[PDB]
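Encoded as structure tokens, the structure appears first; notes follow it.
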């Protein structure tokens, strides 16, 4: 049932780039609601995974400044995977998008630079080996 | 929309091999290491055959494998180095036939990261400390100690980290009686990052750092720091102390150096060169492996170079130092990764690309004709090639070469689909054909007039190993025969076989029993006629032979039992049981030599209600129970591995039942609409069954498990065993109006193959639809051709003539007369821009070639396709791409050409027609709608047949990457990008323009693509990521493609294809891998089918951890998460669990363990 | 960044056995020469 968010995310990006800059006074409120639902540990993993591409794959101007300062919103579930618990949804599936999060950034630079690469090296080393 | 992972073939490539004693016996065995599969095998000096002991998948990438020994112990331990952040210790139990985990110590992160050890692993040969370290910044020391209970204990690793340091190789150096001593090559790169000019890159030498450990003060300190001159690769473990000096042999580039701590000067010894070598002198020659042989008399080592030359290092040691190093030419073997020398004169060479062989040492090579080479002689030596002369072919295995392309289709007149594998390496390549069944071998073919229907095999004695009488029966006649290696008609048998004999068994020690419906005549060895007449005119329908009992069945449902009296006569029971049906089958198991006799008896009836008949006199001729039957049976038998009940019917079914008076399990499999006859056969000592259908079916037992492997043969009606001097283990199978003898040498479980010699590694091949032919293109890196080698030899011959040595140069004739084979002695070809392009058409039915068309040396073929044009009629065209000026390290190309062939006589003769230039080497050609499309690099164009040049109709430039694959269909064109996942392009007919409307968000290194239907497009990956992309129905025929299933196999998959495997089932995604395994994907039908296996996957992750300590979910979801795919590899290990744990799992699922295993085998039963 | 990403890519080639197997196929070399070349390229990526 994960096609529901994929269609919503595709439409979310569609309205972001089509005409969302004419009289859009909510253009900042849509961004504001993103960290209100994501940057809080009281929410479950289902909605936490629902905002993994709603911020990164929307540009790079006001995106990198958000992803960097957070430490207690991504490292918590990374080391909470070897627990032998009930059914999960994003304990290993959310790691796919964070690897993808270092793809577009590297492509833009090929055409925080050293610190970002060093920080990503301690999280996933296969990202720089599968695609450069 | 759901998939199930199932594999049939496994990785047969050896990456790491060790030698030692792990089973506790006195016979040596080898433990091989695959990429992620642990296989155990042992040799056999008696028969020279090697059989697999146990194959368990560890679900983890193994990076190293080695062993050690304890002081005063008797059993070795297994240490496995993987990509995880933990080390494991294994102890195989021969009785349990399983690997038991001893310790599990997690120290750091897992995966293929920078700070993960596992690649390099070394131990003190005395058995006190072991070293594991990563490439950089990490060095760990584990201390092994045991208590008074003879139990091995492991302590915490020691912190010996050193940042900004590069580790080349770690080896365990044995130095007399002292602390475990370690030598390694270290490198510093601090100056390289601080010198942008480039001066720090030059003249950068490495050191040989020696580490000393203290067991009392618990510290690690660097003792020696000795810089080197040239770069090193690995060290040879040379034992010291009593036997040999305590030193190490460092292999270098074109040189070898011995270095020992103290007052030992360095020894320099150059490596010789083969006479008048055609290779580039600027190229080097290095070593790939080093074997250690521990012999009480003398010690010597073996090495291997790139050219397959074996040099033995013999040391004339002093009291403490060494004198010199000696070298000699001994043997010639193909290119191998690592070899292990075994005791009692055995040498196993484990190849890295090709088949695995097993050589036997026959001669030590003492005082040969070729002089040895040492270091004391000054000055650039040379050696002459020599044949093997020492090793012979003993054993061979069905090792699968890495596969670059595969294709499954129907090319023979039979309905069984054949599998074609294009693999190999250069001259050792072979386009082998895979067949599902066993290897059918014939020894003698004879013709017998009449209609043979039964052949018997009676031995002289029960415990003998040779036969005494063979009888062949007919519908009306019978002839007697005997075996004397001059088999003809025998006369003094004394059988009087005028009447059709139903059966010829062995009742007495050397007596035979013949069955005829006019009376039973016992044929004794002594001149005694024990003829029993049949009361009345009634006849007999079947028989039941036994070692100590005689059972018959008269017409109308009448049963008479005979008992074998030890005095010499026979008795008859005083009661006949009445039955309501007609006897259709009869069977009885053999009397156990240890026990008294058998009790369970099964009688087939038309009423389809089989009843168990007791054999004891207390309850003789009495009903016991009843069991329902589907239809009228045809044959029945009782197999003992533990007895089992087997039921055969008149149609293509095979029913199996456990030994139980009450009805139990009911397992069936398709066997045909033919009467199935089940016989008694012997293989591997245990009993087995042999059913008959349109194809012969065999079901034997292996590792306490019953399989179902059919036989590649036509319809048969009768079969029996065979045992003589020529073939101790054979099977006799009579055919239509002829006599044939079969044998079973190779086990041949699945995927038998036949080899065919080739010249270069084929890339792709296309099946000719009409004349059933193939088109094969060949290209290899640094390859030559016949013309280039011929002119090089002539130029080389002229140069030596020009040299005019002291005219006195008579070796010109000998150089051109004696030529060495390329497949076994290697290929002496060098250069940078040297290639080959061989186009060959081979008939799959035969093994010979049809035409050989060669091309220029600087030309290579990467793609081939068959196209049609509307201007011509039913003519078939062949187009082969040409590569020009390929440069590896920098990106600099020059272009290519496309060759058009007439294809004279539908794939029997090729001729040159014309040429056309292109700006880039083509990669994939796919015609559609009567025209041809060739992807020229980043530019996508549509071509058409012209007079001199291909007419251009459209041009595309939106593709900013290299096109690696083009798949076309009647509506759209699917483009497989090397960087992007998929590009969907539609080409119009009236507009004539390539339109790009959709793409994919996920970047993938797509190697190949396949089409399942109109909407689904599959794709592979360089690492083994298989995904299927579904496009929404609303597409502009803004369109970012979604993904419904993503799964990582863990091994490189280079081909995807979906077809029907066996007639009578559904299709499945059959894909092979680069390791050499074949995996299938089983689709699901109902919701509960996926739910039950989902619960099994959830339960087995916690109830059965992997052997090497690797997390199951993240290992499969390494690159991409696993979606809509259920792993069946973990479910296959359900039979390798303790019964108490299995009982708990079954009760958790509210089922029984027999039923759980039935569904596990049912998945393979349906689609395989 | 260039140094960090290069050192995280070339060093991961040896961990995978099939990636090493693929490297030994594209070139007429053995697994020994392949692992030496990647190890000698660490001096200046």
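Values in this text are rule-based calculations from the coordinates and carry no lab data. With ideal geometry, Cβ positions are generated from the backbone for all residues, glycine too; neighbour counts draw on all protein chains shown.
Quick look at the values:
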quantity: Of all residues in segment A:92-107 being part of a loop (DSSP other than H, G, I, E, B) and within 7 Å of another protein chain (Cβ to nearest Cβ), the one that is farthest from the chain's Cα centre (by Cα); calculated: A:92
quantity: In segment A:108-132, residue farthest from residue B:113 (Cα to Cα) [restricted to those that are in a helix (DSSP H, G or I) and facing chain C (nearest Cβ under 8 Å)]; calculated: A:109
quantity: Selection within segment B:37-64 - assigned to a strand (DSSP E or B), over 16 Å from the mean Cα position of the chain (by Cα) and surrounded by fewer than 21 Cβ atoms within 10 Å (Cβ to Cβ); calculated: B:42, B:64
quantity: Some residue of segment A:34-56 being assigned to a helix (DSSP H, G or I), closer than 24 Å to residue A:104 by Cα and within 14 Å of chain B (Cβ to nearest Cβ); calculated: yes
quantity: Test for residue B:1054: is it away from chain C (no Cβ under 14 Å) and either surrounded by fewer than 18 Cβ atoms within 10 Å (Cβ to Cβ) or on the phi < 0 side of the Ramachandran plot (or both); calculated: no
quantity: All positions within segment B:420-432 that are in contact with a strand residue (DSSP E or B) (Cβ under 6 Å, 6 or more places away or on another chain) and assigned to a strand (DSSP E or B); calculated: B:420, B:421, B:422, B:423, B:431, B:432
quantity: Criterion violated by residue C:23 - all others in (1) more than 7 Å from chain B (Cβ to nearest Cβ); (2) farther than 17 Å from residue B:13 by Cα; (3) within 11 Å of the chain's Cα centre (by Cα) satisfied; calculated: (2)
quantity: Flag for residue B:478 being over 21 Å from residue B:731 (Cβ atoms) and surrounded by fewer than 12 Cβ atoms within 10 Å (Cβ to Cβ); calculated: no
quantity: All positions within segment C:26-38 that are facing chain B (nearest Cβ under 7 Å) and more than 17 Å from residue B:289 (Cβ to Cβ); calculated: C:26, C:27, C:28
quantity: Test for residue B:1097: is it away from chain C (no Cβ under 14 Å) and within 29 Å of residue B:972 (Cβ to Cβ); calculated: no
quantity: Which numbered condition residue B:217 fails, given (1) in a strand (DSSP E or B); (2) under 21 Å from residue B:160 (Cβ atoms); calculated: (1)
quantity: From the options B:831, B:873, B:847, residue that is in a loop (DSSP other than H, G, I, E, B) and within 26 Å of residue B:417 (Cα to Cα); calculated: B:847
quantity: Segment C:1-19, residues that are more than 9 Å from chain B (Cβ to nearest Cβ), touching a helix residue (DSSP H, G or I) at 6+ places or on another chain (Cβ under 7 Å) and part of a helix (DSSP H, G or I); calculated: C:4, C:5, C:9, C:10
quantity: Test: residue B:656 is in a strand (DSSP E or B), under 33 Å from the mean Cα position of the chain (by Cα) and closer than 21 Å to residue B:733 by Cβ; calculated: no
quantity: Subset of segment B:179-211 [within 44 Å of the chain's Cα centre (by Cα) and over 18 Å from residue C:37 (Cα atoms)]; calculated: B:179, B:180, B:181, B:182, B:183, B:184, B:207, B:208, B:209, B:210, B:211
quantity: Residue match in segment A:73-88 (condition: over 12 Å from the mean Cα position of the chain (by Cα), surrounded by 13 or more Cβ atoms within 10 Å (Cβ to Cβ) and in a loop (DSSP other than H, G, I, E, B)); calculated: yes
quantity: Single condition residue B:1102 does not satisfy, out of (1) assigned to a helix (DSSP H, G or I); (2) under 28 Å from the mean Cα position of the chain (by Cα); calculated: (2)
quantity: Residue check, residue B:1066 within 17 Å of residue B:57 (Cβ to Cβ), away from chain A (no Cβ under 11 Å) and touching a helix residue (DSSP H, G or I) at 6+ places or on another chain (Cβ under 8 Å); calculated: no
quantity: Test for residue B:262: is it in a loop (DSSP other than H, G, I, E, B) and within 14 Å of chain C (Cβ to nearest Cβ); calculated: no
quantity: Residue match in segment B:1109-1131 (condition: touching a helix residue (DSSP H, G or I) at 6+ places or on another chain (Cβ under 6 Å), part of a loop (DSSP other than H, G, I, E, B) and over 22 Å from residue A:100 (Cα atoms)); calculated: yes
quantity: Any chance residue B:111 is within 14 Å of chain C (Cβ to nearest Cβ), in contact with a strand residue (DSSP E or B) (Cβ under 7 Å, 6 or more places away or on another chain) and closer than 19 Å to residue C:12 by Cβ; calculated: no
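Conditions tested, residue by residue: (1) closer than 25 Å to residue B:395 by Cβ; (2) within 14 Å of chain C (Cβ to nearest Cβ); (3) over 38 Å from the mean Cα position of the chain (by Cα).
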site	(1), (2), (3)
B:269	no, no, yes
B:277	no, no, no
B:286	no, yes, no
B:289	yes, yes, no
